[PDB]
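K.L.:
Have a look at the structure that comes next, please.
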Amino acid sequence: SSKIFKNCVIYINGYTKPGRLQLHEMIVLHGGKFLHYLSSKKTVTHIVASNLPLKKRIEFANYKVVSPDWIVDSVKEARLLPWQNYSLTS
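When the letters of the sequence shown are read in order and numbered with the entry's author numbering, they come out as residues 162 to 251.
What follows is the structure in structure tokens.
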């Protein structure tokens, strides 16, 4: 229980470790929200993914795209870590 991820709406794209359900639980337990699908950029704040194929680099251009480590390490540190430190792209 915390509010680390308050004001975060996360969408997880593709395979991740930890897995989707485990990350969703961590997000909800620590104050955030998640989406099952991404119909628009209206509310999502961060995309979580292990890697980006070219087509995904295009689709998620101008999105904050970070590794699942961002969720894990933030929970472990009891503090929201800078998303840039976990960005998949420069």
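The C-beta atom is built at its ideal place from N, Cα and C for all residues, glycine as well.
What are the complete beta strand (DSSP E) segments, minimum 3 residues, inside the region 179 to 235?
P.N.:
Those beta strand (DSSP E) runs which fall completely within the region 179 to 235 and span 3+ residues are 194 to 196, 207 to 209.
K.L.:
Taking the DSSP output, what are the residues bridged to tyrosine 172?
P.N.:
Looking up residue 172 in the sequence shown gives position 11. Its beta-bridge partners are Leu196, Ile208.
K.L.:
Using a Cβ-Cβ cutoff of less than 7 Å, which residues in the same chain neighbour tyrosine 224 once the five nearest sequence positions on both sides are dropped?
P.N.:
Start at 1 with the first residue of the sequence shown, and residue 224 comes out as number 63. Excluding positions up to five away in sequence, the list reads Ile208.
K.L.:
Could you please give me the residues that DSSP links to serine 248 through a beta bridge?
P.N.:
Translated into positions along the sequence shown, residue 248 becomes position 87. Looking at the DSSP assignment, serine 248 forms a beta bridge with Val227.
K.L.:
Pop quiz: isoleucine 165 and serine 235 are said to be a contact at Cβ under 8 Å. What is the actual Cβ separation, rounded to whole angstroms?
P.N.:
Your numbering for residue 165 matches position 4 in the sequence shown. Your numbering for residue 235 matches position 74 in the sequence shown. That belief holds up - the Cβ atoms of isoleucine 165 and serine 235 are roughly 6 Å apart, short of 8 Å.
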